[PDB]
Amino acid sequence: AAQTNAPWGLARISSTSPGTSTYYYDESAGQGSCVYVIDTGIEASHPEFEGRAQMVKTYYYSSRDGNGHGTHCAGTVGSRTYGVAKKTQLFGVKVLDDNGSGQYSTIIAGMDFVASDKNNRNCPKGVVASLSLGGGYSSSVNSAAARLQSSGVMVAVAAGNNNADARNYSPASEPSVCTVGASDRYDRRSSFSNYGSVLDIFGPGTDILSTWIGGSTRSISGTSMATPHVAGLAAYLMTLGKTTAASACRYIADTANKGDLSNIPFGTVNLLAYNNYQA
């Protein structure tokens with residue numbers, strides 16, 4: 001399949017080179033996989049989700065995304081026009097309030113919820129969790145992310161936007177999950193992106209067009225935007241049978257575009273998520 005006039009990040013993940021505008025992908029499109037978006041919620045009624053999105057848990061009075069961040073991230077995972085895995089099932093878990101903030105205790109509870117809730121769901125091709133969030137180092141937060149991964153979910157987490165080593169941030173610093181840095185359309189490390197040996201992969205994160213609340217769209221930047229590209233890619237590859245939840249991060253690194261990024265500090269991987277799709 002081919003989507004013309006695609007957002008640059010989608011084109012980027014199906015090309016060896018930057019600057020293209022067509023996203024080439026296998027038509028299976030993540031059908032049969034599920035991705036939990038652990039964030040400010042998802043506006044499930046947005047037409048771009050085609051009914052494939054639902055809220056399953058909130059930690060605040062409302063399940064509504066009153067911010068937009070979670071809706072944007074979900075759209076990069078699986079919306080029709082802006083998503084990597086256009087057929088995946090999206091589950092919203094609202095651990096962040098409408099200002100984008102959340103306590104570590106709530107975030108931990110939300111991860112434990114996903115580990116159990118996946119047993120209530122039909123996800124024959126596997127389960128992914130996308131965590132576009134984080135703060136300072138916490139052993140407890142890292143442990144919760146490790147439990148979620150151990151339970152059989154492919155966990156992808158944002159590296160953080162501090163232009164610093166991600167070893168000091170959580171869940172970015174947890175070794176057993178997939179920690180995602182951000183790049184721009186010219187294959188430079190995004191100026192805000194964290195780095196360090198704990199990073200596993202980079203994904204597009206500067207000027208990412210996706211869904212927004214009120215049935216709208218907008219372009220924003222962050223490692224929060226790179227993370228759902230990697231989560232959607234994992235769901236797509238699991239549907240194709242090319243990897244499993246336990247090995248998807250390593251497989252994505254195995255098959256990444258290598259050495260293409262600029263301004264990568266010594267000690268940080270130079271690897272950009274790539275679907276290697278061949279029509």
# chains A, B, ... in the order shown; residues from 1 in each chain; ligands from 1

call {"tool": "residues_around", "arguments": {"residues": "residue A:9", "least_positions_apart": "3", "cutoff": "7 Å", "atoms": "only C-alpha atoms", "output": "number ranges by chain"}}
result
A: 12-13, 204, 208

call {"tool": "select_by_dssp", "arguments": {"residues": "stretch 16-240 of chain A", "states": "helix (DSSP H, G or I)", "output": "PyMOL selection string"}}
result
chain A and resi 47-49+69-78+104-120+139-150+166-168+223-239

call {"tool": "residues_around", "arguments": {"residues": "residue A:40", "least_positions_apart": "2", "cutoff": "8 Å", "atoms": "only C-alpha atoms", "output": "list in words"}}
result
residues 38, 42, 65, 66, 67, 68, 69, 70, 71, 93, 94, 95, 96, 97, 98 and 100 of chain A

call {"tool": "residues_around", "arguments": {"residues": "residue A:116", "least_positions_apart": "4", "cutoff": "10 Å", "atoms": "only C-alpha atoms", "output": "list in words"}}
result
residues 111, 112, 120, 121, 148 and 151 of chain A

call {"tool": "residues_around", "arguments": {"residues": "stretch 50-52 of chain A", "least_positions_apart": "5", "cutoff": "10 Å", "atoms": "only C-alpha atoms", "output": "count of residues only"}}
result
12

call {"tool": "residues_around", "arguments": {"residues": "residue A:201", "least_positions_apart": "3", "cutoff": "6 Å", "atoms": "only C-alpha atoms", "output": "list in words"}}
result
residues 180, 271 and 272 of chain A

call {"tool": "closest_atom_pairs", "arguments": {"of": "stretch 11-111 of chain A", "to": "stretch 234-247 of chain A", "cutoff": "8 Å", "atoms": "only C-alpha atoms", "output": "JSON lines"}}
result
{"residue": "A:28", "atom": "CA", "partner": "A:239", "partner_atom": "CA", "distance": 7.1}
{"residue": "A:29", "atom": "CA", "partner": "A:236", "partner_atom": "CA", "distance": 5.7}
{"residue": "A:30", "atom": "CA", "partner": "A:236", "partner_atom": "CA", "distance": 4.1}
{"residue": "A:31", "atom": "CA", "partner": "A:239", "partner_atom": "CA", "distance": 6.4}
{"residue": "A:32", "atom": "CA", "partner": "A:239", "partner_atom": "CA", "distance": 6.5}
{"residue": "A:33", "atom": "CA", "partner": "A:235", "partner_atom": "CA", "distance": 5.8}
{"residue": "A:34", "atom": "CA", "partner": "A:235", "partner_atom": "CA", "distance": 7.1}
{"residue": "A:35", "atom": "CA", "partner": "A:235", "partner_atom": "CA", "distance": 7.2}
{"residue": "A:84", "atom": "CA", "partner": "A:236", "partner_atom": "CA", "distance": 7.6}
{"residue": "A:85", "atom": "CA", "partner": "A:236", "partner_atom": "CA", "distance": 5.5}
{"residue": "A:88", "atom": "CA", "partner": "A:235", "partner_atom": "CA", "distance": 7.3}

call {"tool": "residues_around", "arguments": {"residues": "residue A:173", "least_positions_apart": "3", "cutoff": "12 Å", "atoms": "only C-alpha atoms", "output": "JSON, numbers by chain"}}
result
{"A": [134, 135, 136, 137, 138, 139, 140, 141, 142, 143, 145, 146, 156, 157, 158, 159, 160, 165, 166, 167, 168, 169, 170, 176, 177, 178, 179, 180, 194, 195, 196, 197, 198, 199, 200]}

call {"tool": "closest_residue", "arguments": {"among": "A:73, A:260, A:113, A:192", "to": "residue A:56", "atoms": "only C-alpha atoms"}}
result
A:113

call {"tool": "select_by_dssp", "arguments": {"residues": "stretch 38-126 of chain A", "states": "strand (DSSP E)", "output": "MDAnalysis selection string"}}
result
chainID A and resid 38:39 53:58 89:94 126

call {"tool": "closest_residue", "arguments": {"among": "A:183, A:210, A:105, A:223", "to": "residue A:263", "atoms": "only C-alpha atoms"}}
result
A:183
